[PDB]
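Report on the following structure.
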Amino acid sequence: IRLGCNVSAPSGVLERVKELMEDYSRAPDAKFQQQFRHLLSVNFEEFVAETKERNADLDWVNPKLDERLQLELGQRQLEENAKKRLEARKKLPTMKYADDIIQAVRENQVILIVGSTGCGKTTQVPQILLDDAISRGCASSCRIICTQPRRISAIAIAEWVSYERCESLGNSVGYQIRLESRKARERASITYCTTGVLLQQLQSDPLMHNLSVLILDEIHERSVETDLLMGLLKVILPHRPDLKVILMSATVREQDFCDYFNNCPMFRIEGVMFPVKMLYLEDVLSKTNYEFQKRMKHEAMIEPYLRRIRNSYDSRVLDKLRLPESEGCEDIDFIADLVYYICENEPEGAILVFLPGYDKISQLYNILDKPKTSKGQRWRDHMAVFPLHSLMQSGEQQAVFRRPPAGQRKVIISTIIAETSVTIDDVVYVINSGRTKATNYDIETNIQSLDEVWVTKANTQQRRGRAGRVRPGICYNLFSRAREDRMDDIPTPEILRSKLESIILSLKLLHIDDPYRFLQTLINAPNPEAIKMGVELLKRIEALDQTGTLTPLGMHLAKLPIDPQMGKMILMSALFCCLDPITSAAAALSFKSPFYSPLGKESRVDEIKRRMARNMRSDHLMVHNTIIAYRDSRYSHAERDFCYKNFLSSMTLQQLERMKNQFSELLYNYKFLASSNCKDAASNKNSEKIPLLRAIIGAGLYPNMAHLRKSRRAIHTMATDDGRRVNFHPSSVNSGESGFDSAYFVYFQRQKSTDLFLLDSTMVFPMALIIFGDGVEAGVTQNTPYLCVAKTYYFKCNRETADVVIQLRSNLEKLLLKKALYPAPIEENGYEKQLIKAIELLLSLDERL
DNA sequence: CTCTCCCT
């Protein structure tokens, strides 16, 4: 036990904390509390009965609207204005199977439609079933929900299907994503929505009574949500015989889902794509004749292969395959040569280069842009070269989509983002490195890492398809087919890679109280060690009690669309009147930072963040400062130049501001805020007290703590509270700085790459962790009285301050408990405000003087 | 001294 700095408080401050605490203890209605005790008192089939009565609207049909919609669909098939496409929709493969699809849906609760790119299943199946129900005179009983993984998919498909009905968005076709919607009409309608939207609507309608048809699309990508959703359908569908489910999948281990749902009817629908030829490293090197210069294992893999292909390739190319450098992206000059090769031979078309991450996208960009070779010098002026990365601006502009200037060849250097999420349509050539970056979770070390790995067979399959979009393509794989046969079928499904605290809490609102029993039902069961690690986190932040049951605060956290830790941070910000900054922090950790990382500009983007951090040693208040400055630039009509000068995405900032408005609207409806405007003066009376903002941020990121011991840009000897040595991620404002007021930090995410890095952090003060943390005891270790937090960090503290802090933590726990059970805004002159004022007083002693 | 990427 090595004691830290002295946290004792002046006697004058302790007396007034005492005057204030015992004002608070002199104190003497609830719809939320009755909702909470009802949920805990009912068993599961009481739960089923109650939610059936409460969501009954589809029990009502509208015969006159049935017959009217049936009658202008009958006639409005008789123009030629919506026909040109009915004969154009008939040219899509899915339409040939209309009646079999219709008939299979009537005879089966669940069917599966499997099909490759271009088959038309997403756009055509919803209309096939909708137009059938209208024609049978069932229009008003038909409400179809179609889920998509990505937001932009939902809007684009909705807009395109509505074009296909000669309607504007909002009649028979709509979309719903989070924070934006164009809703269809209530009945005889199709809604495209993101999977999360549907999961959140499950909290009000846990048996899906408010739709007649559920279409789950792209289940083969095995996102958490569709895996959860199929898991829940096994619970829901027994109580919903009228409900129709259509699963939709690419041809990627499709049989997993057929098996998972008994064995249900499976339709296979042929795609529409032009042929794309696949070449491997042998083939590429036999064409380019490039020469390399400047464990094995690998040799165990390659030599059997080179003996089986001995007579199909020249010996000198098979010898290059014995170098480990020859496969993947380890030699960027090799990729550069094959780019130059495609520009010389081969017809007109764009090159799509798949590389795992930012670092070597940078290297190939610089080699094409500042060429080392005469061949490169040659081709420099005839290429328009686009890096494509989530942290880069290229996808936010339209150049990378349009066709190049005449005489110029387009070269796209991208991450995995161009496999599905972003799509360039004039690509005829894919150079596939076979390498990506992926996150994996070591359950035993509690270390998250980001490592470069080989892609899966499904990845290359989809990357191959990216070339066949306008015209027959070529896919160059920078690895041998021996490496291909050592690749996994599909990536490890993300629910085995994921923190489960949010999911487990959400399942309590669906009256699924055993996460063990339920998660074991998934197609891929998560490690039960991860399930109690999630349970244990929820117990610590007190969303569950020790027996495992939902607490009143846990019910609030499950109803907030954010991870429970930051939801807790968000509610504290209401109680403590700093709503705007803390919601700024939560939305950014919950989504992403507004800053780009444009090629070559890092030293300069590093310097913008340090100026936006306003020397506050917090990545989280850096984002809030960024948002304050962004609002000022709109209020100044300077928005474009502001974003330019500071390498900011105005589209990221706009979405952060709507999440902030949404957190503010939810907290208002839950009766925690007097106003729904997250900028409201009453909600922000402390938003400029920096020590108080460190306290609320720490309350949410607790227990992720780190301690620095070090003086010198500077190097850092720092370690997390589990003893592991960490460093600030070089993208953090805190990396390399010296002279912190405090050696203590909280962080949202630690990650291993070159080193174990803290990706975001706020400098915190010991009294703040002590008040809002746990594991707090007073004692004596040498002959020095101490106060500790988490039974880890011990601070010199005199008995009078120790005792008052311990009394203070007790009434805070009583206060939080009643705000959870009886939500009200803290009234500014009442008794609860006096214990708020006690805490601000103590925290304000750490102000930078 | 470094950054796979969806989503309520």
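Identifiers in the structure tokens: chain A, B, ... in order shown; residue index from 1 per chain; ligand index from 1 in order shown.
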Practice task
Pick out the chain B residues within 6 Å of chain A. Count only C-alpha atoms (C1' of nucleotides). Give them as a list in words.
Solution key: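 Within 6 Å of chain A on chain B, we get residues 1, 2, 4 and 8 of chain B.
Proximity to residue 60 in chain A at 9 Å, evaluated using only C-alpha atoms (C1' of nucleotides) and with sequence-adjacent residues fewer than 2 positions away removed, yields residues 56, 57, 58, 62, 140 and 141 of chain A.
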Problem - Residue neighbourhood residue 367 in chain A, 8 Å, only C-alpha atoms (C1' of nucleotides), exclusion window fewer than 3 positions, as number ranges by chain - result: A: 333, 336, 363-364, 370-372, 376
Practice task
Report the distance between CA of residue 218 in chain A and CA of residue 245 in chain A in Å, rounded to one decimal place.
Solution key: 13.9 Å
Exercise for the section: Go through A:230, A:82, A:302, A:715 and flag the residue nearest residue 256 in chain A, using only C-alpha atoms for the distances. Expected result: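 Closest residue, counting only C-alpha atoms: A:230.
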Handout entry: Spatial neighbours of residue 801 in chain A, max dist 7 Å, only C-alpha atoms (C1' of nucleotides), sep filter under 5 positions, as a ChimeraX atom specification
Key = /A:8-9,14
Let me see the file: selected residues, N, CA, C and O atoms, as a compact mmCIF listing (two decimals), in the first residue's frame.
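Written output follows (part-v7.txt):
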```txt
# COMPACT_ATOMS: atom_id res chain seq x y z
N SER A 8 -7.83 15.74 2.13
CA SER A 8 -8.58 16.30 3.24
C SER A 8 -9.17 17.66 2.86
O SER A 8 -8.58 18.42 2.10
N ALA A 9 -10.32 17.98 3.45
CA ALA A 9 -10.96 19.22 3.05
C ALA A 9 -10.87 20.25 4.18
O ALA A 9 -10.81 19.88 5.36
N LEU A 14 -16.04 21.54 5.35
CA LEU A 14 -16.69 20.38 5.95
C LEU A 14 -17.88 20.77 6.81
O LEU A 14 -18.90 20.06 6.82
```
Practice task
Skip residue 429 in chain A itself and residues of its chain fewer than 6 positions away, then list as a ChimeraX atom specification all residues within 12 Å of it, counting only C-alpha atoms (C1' of nucleotides).
Solution key: /A:275-279,338-339,341-343,346-354,409-413,463-477
Problem - Residue set, range 540-730 of chain A restricted to strand (DSSP E), as a VMD selection string - result: chain A and resid 705 to 708 718 to 720 725 to 728
Practice task
For range 162-173 of chain A, work out the shell of residues within 10 Å, counting only C-alpha atoms (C1' of nucleotides) and skipping chain neighbours fewer than 4 positions away, then give it as a PyMOL selection string.
Solution key: chain A and resi 81-86+88-89+123-124+126-127+130+143-144+155-158+181-192
Written file, previous selection with C-alpha atoms, as an mmCIF file, in the first residue's frame:
```cif
data_model
loop_
_atom_site.group_PDB
_atom_site.id
_atom_site.type_symbol
_atom_site.label_atom_id
_atom_site.label_comp_id
_atom_site.auth_asym_id
_atom_site.auth_seq_id
_atom_site.Cartn_x
_atom_site.Cartn_y
_atom_site.Cartn_z
ATOM 1 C CA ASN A 81 -47.481 4.848 -66.148
ATOM 2 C CA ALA A 82 -46.964 2.001 -63.539
ATOM 3 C CA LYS A 83 -46.280 -0.792 -65.876
ATOM 4 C CA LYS A 84 -43.099 0.182 -67.747
ATOM 5 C CA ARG A 85 -41.622 -1.067 -64.423
ATOM 6 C CA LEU A 86 -44.139 -3.867 -63.886
ATOM 7 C CA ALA A 88 -39.229 -3.846 -65.690
ATOM 8 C CA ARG A 89 -39.820 -5.539 -62.335
ATOM 9 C CA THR A 123 -37.307 -4.538 -53.333
ATOM 10 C CA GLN A 124 -39.708 -7.175 -54.758
ATOM 11 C CA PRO A 126 -42.406 -6.747 -49.797
ATOM 12 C CA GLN A 127 -44.422 -5.538 -52.800
ATOM 13 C CA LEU A 130 -48.469 -6.257 -50.126
ATOM 14 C CA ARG A 143 -48.370 -4.024 -42.330
ATOM 15 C CA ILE A 144 -44.934 -5.252 -43.447
ATOM 16 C CA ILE A 155 -33.451 5.047 -46.994
ATOM 17 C CA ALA A 156 -32.183 4.092 -50.473
ATOM 18 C CA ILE A 157 -34.281 0.909 -50.706
ATOM 19 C CA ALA A 158 -37.332 2.776 -49.411
ATOM 20 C CA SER A 181 -38.138 8.848 -40.503
ATOM 21 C CA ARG A 182 -40.457 9.085 -43.439
ATOM 22 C CA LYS A 183 -43.274 6.861 -42.211
ATOM 23 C CA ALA A 184 -45.592 4.968 -44.439
ATOM 24 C CA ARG A 185 -49.347 5.184 -43.975
ATOM 25 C CA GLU A 186 -50.549 3.015 -41.083
ATOM 26 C CA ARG A 187 -52.004 0.165 -43.184
ATOM 27 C CA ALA A 188 -51.331 -1.664 -46.457
ATOM 28 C CA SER A 189 -47.763 -0.436 -46.199
ATOM 29 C CA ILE A 190 -44.114 -1.414 -46.157
ATOM 30 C CA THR A 191 -41.536 0.039 -43.780
ATOM 31 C CA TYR A 192 -37.804 -0.367 -44.163
#
```
Practice task
Enumerate the residues of range 458-591 of chain A with a DSSP assignment of helix (DSSP H, G or I), computed from the backbone, and present them as a PyMOL selection string.
Solution key: chain A and resi 458-465+481-485+494-496+501-509+515-519+528-540+552-558+564-575+579-590
